[PDB]
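Residue-level structural notes
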Amino acid sequence: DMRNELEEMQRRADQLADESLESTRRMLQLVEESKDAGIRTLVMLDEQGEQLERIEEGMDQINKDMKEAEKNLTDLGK
Amino acid sequence: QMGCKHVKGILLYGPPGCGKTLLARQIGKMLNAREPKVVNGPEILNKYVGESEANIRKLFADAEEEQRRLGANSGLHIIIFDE
Ligand SMILES: Nc1ncnc2c1ncn2[C@@H]1O[C@H](COP(=O)(O)OP(=O)(O)OP(=O)(O)O)[C@@H](O)[C@H]1O
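Residues numbered from 1 in each chain as written, not as in the entry; some residues may be left out. Chains lettered and ligands numbered in written order. Part of a larger assembly, values for the part shown. Heavy atoms only, no water.

Method of determination, as given in the entry header: cryo-EM; reported resolution: 3.09 Å.

Next comes the structure, spelled out in structure tokens:
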């Protein structure tokens, strides 16, 4: 009558982490810095676009003025 | 000069209700040192793998650090294992 039976106990392997808290924090800090740099680039790019738009009008005005002056001088000369 | 090594463990036993816990707590009160660390026995076991050993080593971490810091002129640390 040496017929034995058993029961079982369970253990849980550690969840997936303990490497997600050293590279993670550095990743977040770098992401924040990149976000700030992107915001600054946004602002600078908008300012540059405004300045180019401003330049356009003066360019067109000088072109028109020179063309009209040349035509007038030619007309009077002949 | 003699250079003998001190004792580092005591085992109290006897029938129930004879003063073991009372004697231990009174001895703890007598000594002037860091507040003695008390373990209740079944409180070390954890379901995650490897955490029981970490819990055990957390008991001796402070004593080892103090012994390293001061050397042979360090204080005495008392540990009580109930049950
Ligand atoms: N020698 C004693 N003098 C005074 N009180 C005592 C003495 N021995 C036991 N007692 C009283 O017995 C009670 C319980 O004693 P204690 O807690 O030491 O039991 P124990 O030895 O730890 O028992 P167990 O085996 O259940 O852990 C306390 O109220 C304590 O005052």
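A few words on the overall build of chain A. Scanning chain A for helices and strands turns up one helix and zero strands. Its C-alpha atoms give chain A a radius of gyration of 38 Å, more than 25% over the compact-globule value 12 Å for 78 residues. Taking the principal axes of the C-alpha coordinates as reference, chain A spans close to 135 × 25 × 10 Å. Classification of the 78 residues of chain A by burial places 0% in the buried group. As presented, chain A carries roughly 8,500 Å² of accessible surface, and 54% of it is formed by carbon and sulfur atoms. Charge centroids of chain A, computed over 12 positive and 22 negative side chains, lie 4 Å from each other. (Helix = DSSP H or I, 4+ residues; strand = E, 2+ residues; numbered from the N terminus. Rg over C-alpha atoms; globule rule 2.2 N^0.38 Å. Buried < 20%, exposed > 50% of the residue type's maximum accessible area, 1.4 Å probe, protein only. Areas by Shrake-Rupley, 256 points an atom, 1.4 Å probe, with all protein chains shown as cover. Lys, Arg positive; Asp, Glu negative; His and termini not counted. Charge placed at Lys NZ, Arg CZ, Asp CG, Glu CD.)

On to the overall build of chain B, then. Within chain B, the regular secondary structure consists of two helices and two strands. A compact globule built from 83 residues would reach a C-alpha radius of gyration of about 12 Å, whereas chain B, at 16 Å, exceeds it by more than 25%. Viewed in the frame of its principal axes, chain B has a C-alpha envelope of about 45 × 40 × 20 Å. Working note: accessible area of chain B is about 7,500 Å², and carbon and sulfur atoms make up 59% of it. Across chain B, the mean location of the 12 positive side-chain charges is 4 Å away from that of the 10 negative side-chain charges.

Attention shifts here to the site of the ligand. Residues and elements named next belong to chain B. Lining the immediate environment of the ligand, one finds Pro16, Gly17, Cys18, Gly19, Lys20, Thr21 and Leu22. In this structure, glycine 17 approaches the ligand through a main-chain N or O atom, which is 3.1 Å from an oxygen atom. Within the contact set of the ligand, an oxygen atom lies 3.2 Å away from a backbone nitrogen or oxygen of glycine 19. Protein coverage of the free-state accessible area of the ligand, which is 630 Å², stands at 40%. In terms of residue class, the shell around the ligand is built from three nonpolar, three polar and one charged. (Near = heavy atom within 4 Å. Polar contact = N/O pair within 3.5 Å; in protein donor to acceptor, adjacent residues only side chain to side chain. Nonpolar A, V, L, I, M, F, W, Y, C, P; charged D, E, K, R; others polar.)

Okay, the side chain of B:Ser52 next. By the element assignment, B:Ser52 lies in helix α2 (residues 51–70). Classification of B:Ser52 by relative accessible area gives buried; the value is 11%. Beyond its immediate chain neighbours, meaning those up to four positions away, B:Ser52 contacts A:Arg11, B:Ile44, B:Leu45 and B:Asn46. (Contact = heavy atoms within 4.5 Å.)

Here the focus is a negative patch on the surface. Taken together, the side chains of A:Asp14, A:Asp18, A:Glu19 and B:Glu51 present a region of like negative charge at the surface. Counting through the fold element by element, B:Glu51 comes out in helix α2. We classify B:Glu51 as partly exposed; its relative accessible area is 30%. (Patch = residues over 30% accessible without salt bridge, like charges linked within 9 Å, V, L, I, M, F, W, Y side chains within 5 Å. Salt bridge = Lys/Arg side-chain N within 4 Å of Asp/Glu carboxyl O.)

This part is about the layout of surface pockets. Residue and element names in this part refer to chain B. Put simply, the largest pocket is a space of about 2,000 Å³. For the lining of the largest pocket, the secondary structure elements donating two or more residues are α1 (20–30), β1 (37–39), α2 and β2 (79–81). It is α1 that contributes the most residues to the lining of the largest pocket, nine residues altogether. Partitioning the lining of the largest pocket into residue classes produces 21 nonpolar, ten polar and eleven charged. (1 Å grid on protein atoms, 1.4 Å probe; cavity = no way out; pocket = protein on both sides within 12 Å on 5 of 7 lines; lining within 4 Å. Points joined across faces, edges and corners; volume = space filled by probe spheres on them.)

All names here are of chain A. Look at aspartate 18: it is not a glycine, yet its phi comes out positive at around 80°. Looking at where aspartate 18 falls in the secondary structure, it is placed in the segment before α1 (23–77). Judged by its relative accessible area of 76%, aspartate 18 falls in the exposed class.

Now for the side chain of B:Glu66. Residue and element names in this part refer to chain B. On the secondary structure map, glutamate 66 appears in helix α2. We classify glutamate 66 as buried; its relative accessible area is 8%. Discounting chain neighbours no more than four positions away, the residues touching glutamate 66 are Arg34, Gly71, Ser74 and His77.

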